[PDB]
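Everything below concerns the one structure shown next.
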Amino acid sequence: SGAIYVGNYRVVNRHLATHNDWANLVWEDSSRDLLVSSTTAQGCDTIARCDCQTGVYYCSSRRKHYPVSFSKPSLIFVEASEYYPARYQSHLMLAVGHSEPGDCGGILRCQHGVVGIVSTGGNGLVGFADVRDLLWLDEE
Ligand SMILES: NC(=O)[C@H]1CCCN(C(=O)c2[nH]ncc2Br)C1
Ligand SMILES: [Zn+2]
């Protein structure tokens, strides 16, 4: 589990969105595993606007932050899971690291701010849903 709280937005994994998220929906994209809902309180996270390929992510199954090198956001074939069939997930970045299904929502960050959230894992891989292209998270 886990969310990004930027301005009056909550960014979660689409597959973990709550009823309250769907009832307060701003934007969702199944291809990216992303959903954004509106919040009453202002959040403290800042979004990175950069092409960093190194950063640090939170792994709930280890209670640990790990430094990683990650790929540029891409279209990646992701194996069928409890939440999606075998498909191409877009805007996904891959690194070597531990990721169990419940690690989804952990933040990946760089020197500039939040880069994305854990979206995929297994086999000693971890995939991150990028949010750096979502410039509207910074206004309105
Ligand atoms: N966005 C997706 O399609 C995800 C959904 C959860 C499962 N997915 C994984 O890769 C995964 N496997 N083991 C741990 C993890 Br995390 C695929
Ligand atoms: Zn950066």
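Letters A, B, ... go to the chains of the structure tokens in the order shown; residues in each chain start at 1; ligands are counted from 1 in the same order.
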
>> For the strand (DSSP E) assignment from backbone DSSP, which residues of stretch 49-98 of chain A qualify? Please present them as an NGL selection string.
In response: :A and (54-59 or 64-69 or 74-78 or 87-96)

Under the rule of at most 6 Å, produce a per-residue listing of chain A near ligand 2: chain, number, name, the closest pair of atoms, and the distance in Å, as CSV, using only C-alpha atoms and all ligand atoms.
```
residue,atom,partner,partner_atom_place_in_ligand_line,distance
A:48,CA,ligand 2,1 (Zn),5.6
A:50,CA,ligand 2,1 (Zn),4.7
A:52,CA,ligand 2,1 (Zn),4.3
A:110,CA,ligand 2,1 (Zn),4.6
A:111,CA,ligand 2,1 (Zn),5.2
A:112,CA,ligand 2,1 (Zn),4.4
```

> Taking only C-alpha atoms into account, which of A:15, A:77, A:72, A:89 comes nearest residue A:31?
Replying inline: A:89

> So which one's closest to ligand 1, A:135, A:35, A:44, A:68? Using only C-alpha atoms and all ligand atoms, please.
Replying inline: A:35

>> Taking only C-alpha atoms and all ligand atoms into account, list the residues no farther than 6 Å from ligand 1, as a PyMOL selection string.
In response: chain A and resi 33+78+81+83-84+99-101+103-104+119-122

Those same residues, written as a tab-separated table (two decimals), in the first residue's frame with N, CA and C atoms?
```tsv
chain	number	residue	atom	x	y	z
A	33	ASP	N	-1.54	1.55	-14.51
A	33	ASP	CA	-1.90	1.20	-13.12
A	33	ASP	C	-1.91	2.43	-12.21
A	78	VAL	N	4.03	-7.30	-18.76
A	78	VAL	CA	3.89	-7.70	-17.34
A	78	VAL	C	3.04	-8.97	-17.26
A	81	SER	N	-1.49	-11.30	-13.20
A	81	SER	CA	-1.56	-11.28	-11.72
A	81	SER	C	-3.02	-11.38	-11.27
A	83	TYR	N	-4.66	-8.95	-10.31
A	83	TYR	CA	-5.28	-7.63	-10.65
A	83	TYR	C	-5.35	-7.35	-12.16
A	84	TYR	N	-4.43	-7.87	-12.97
A	84	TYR	CA	-4.42	-7.66	-14.44
A	84	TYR	C	-4.02	-8.95	-15.16
A	99	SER	N	10.19	-6.95	-4.41
A	99	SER	CA	8.82	-6.38	-4.55
A	99	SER	C	7.75	-7.49	-4.51
A	100	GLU	N	7.10	-7.65	-3.36
A	100	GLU	CA	5.92	-8.52	-3.13
A	100	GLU	C	4.66	-7.72	-3.45
A	101	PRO	N	3.52	-8.38	-3.78
A	101	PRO	CA	2.33	-7.65	-4.23
A	101	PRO	C	1.95	-6.47	-3.32
A	103	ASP	N	3.86	-4.55	-1.64
A	103	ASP	CA	4.83	-3.43	-1.70
A	103	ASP	C	4.32	-2.34	-2.65
A	104	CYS	N	3.35	-2.66	-3.50
A	104	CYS	CA	2.77	-1.62	-4.41
A	104	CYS	C	2.41	-0.38	-3.59
A	119	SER	N	4.70	-0.62	-8.71
A	119	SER	CA	3.57	-1.14	-9.53
A	119	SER	C	3.76	-2.63	-9.86
A	120	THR	N	5.00	-3.18	-9.92
A	120	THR	CA	5.27	-4.59	-10.33
A	120	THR	C	6.46	-5.19	-9.55
A	121	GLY	N	6.67	-6.51	-9.59
A	121	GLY	CA	7.79	-7.13	-8.85
A	121	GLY	C	8.04	-8.60	-9.17
A	122	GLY	N	8.79	-9.28	-8.30
A	122	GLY	CA	9.10	-10.72	-8.41
A	122	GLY	C	10.41	-10.95	-9.14
```

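If you look at atom CA of residue A:49 and atom CA of residue A:64, they are 24.8 Å away from each other.
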
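Atom CA of residue A:92 sits 20.8 Å away from atom CA of residue A:61.
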
>> Calculated over only C-alpha atoms, which of the candidates A:95, A:137, A:108, A:56 has the smallest distance to residue A:125?
In response: A:95

>> Please list as a VMD selection string every residue within 6 Å of stretch 6-11 of chain A, counting only C-alpha atoms and excluding residues in the same chain fewer than 4 positions away.
In response: chain A and resid 35 to 39 42 to 43 45

Expected file: the selected residues, N, CA and C atoms, as a PDB file, in the first residue's frame:
```
ATOM      1  N   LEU A  35      -4.228   5.799 -10.520  1.00  0.00           N
ATOM      2  CA  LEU A  35      -5.475   6.529 -10.238  1.00  0.00           C
ATOM      3  C   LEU A  35      -5.179   7.691  -9.309  1.00  0.00           C
ATOM      4  N   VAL A  36      -5.810   8.833  -9.605  1.00  0.00           N
ATOM      5  CA  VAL A  36      -5.665  10.072  -8.817  1.00  0.00           C
ATOM      6  C   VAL A  36      -7.029  10.526  -8.330  1.00  0.00           C
ATOM      7  N   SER A  37      -7.152  10.770  -7.042  1.00  0.00           N
ATOM      8  CA  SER A  37      -8.379  11.298  -6.388  1.00  0.00           C
ATOM      9  C   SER A  37      -8.106  12.637  -5.721  1.00  0.00           C
ATOM     10  N   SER A  38      -9.175  13.378  -5.406  1.00  0.00           N
ATOM     11  CA  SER A  38      -9.057  14.698  -4.759  1.00  0.00           C
ATOM     12  C   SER A  38      -9.011  14.541  -3.234  1.00  0.00           C
ATOM     13  N   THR A  39      -8.279  15.425  -2.555  1.00  0.00           N
ATOM     14  CA  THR A  39      -8.158  15.421  -1.073  1.00  0.00           C
ATOM     15  C   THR A  39      -8.638  16.771  -0.522  1.00  0.00           C
ATOM     16  N   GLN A  42      -4.081  19.538   2.022  1.00  0.00           N
ATOM     17  CA  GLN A  42      -2.923  19.678   1.109  1.00  0.00           C
ATOM     18  C   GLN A  42      -1.797  18.732   1.552  1.00  0.00           C
ATOM     19  N   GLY A  43      -1.200  18.024   0.598  1.00  0.00           N
ATOM     20  CA  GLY A  43      -0.095  17.085   0.842  1.00  0.00           C
ATOM     21  C   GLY A  43       1.280  17.748   0.816  1.00  0.00           C
ATOM     22  N   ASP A  45       4.269  15.957  -0.390  1.00  0.00           N
ATOM     23  CA  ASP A  45       5.151  15.439  -1.445  1.00  0.00           C
ATOM     24  C   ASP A  45       5.280  16.431  -2.598  1.00  0.00           C
TER      25      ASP A  45
END
```

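Between residue A:27 and the residues A:3, A:12, A:47, A:126, the shortest atom-to-atom distance, using only C-alpha atoms, involves A:12.
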
>> Need to verify the contact set: residue A:74, 12 Å, only C-alpha atoms, exclusion of same-chain residues closer than 6 positions in sequence. Can you return it as a ChimeraX atom specification?
In response: /A:31-32,88-94,127-130

Could you write those residues out with C-alpha atoms, as a tab-separated table (two decimals), in the first residue's frame?
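Output file again-v4.tsv is given in full below:
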```
chain	number	residue	atom	x	y	z
A	31	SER	CA	-2.52	0.86	-18.94
A	32	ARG	CA	-0.32	2.72	-16.33
A	88	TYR	CA	1.79	-4.25	-21.88
A	89	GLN	CA	1.96	-1.74	-18.99
A	90	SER	CA	3.00	1.74	-20.18
A	91	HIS	CA	5.21	4.37	-18.45
A	92	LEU	CA	6.85	1.53	-16.39
A	93	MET	CA	10.51	1.63	-15.14
A	94	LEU	CA	12.36	-1.55	-14.05
A	127	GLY	CA	8.73	-1.95	-11.57
A	128	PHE	CA	7.73	1.67	-10.91
A	129	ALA	CA	4.77	3.58	-12.43
A	130	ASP	CA	6.33	6.92	-13.50
```

> Of the candidates A:40, A:69, A:24, A:1, which shows the shortest atom-to-atom distance to residue A:54, using only C-alpha atoms?
Replying inline: A:69
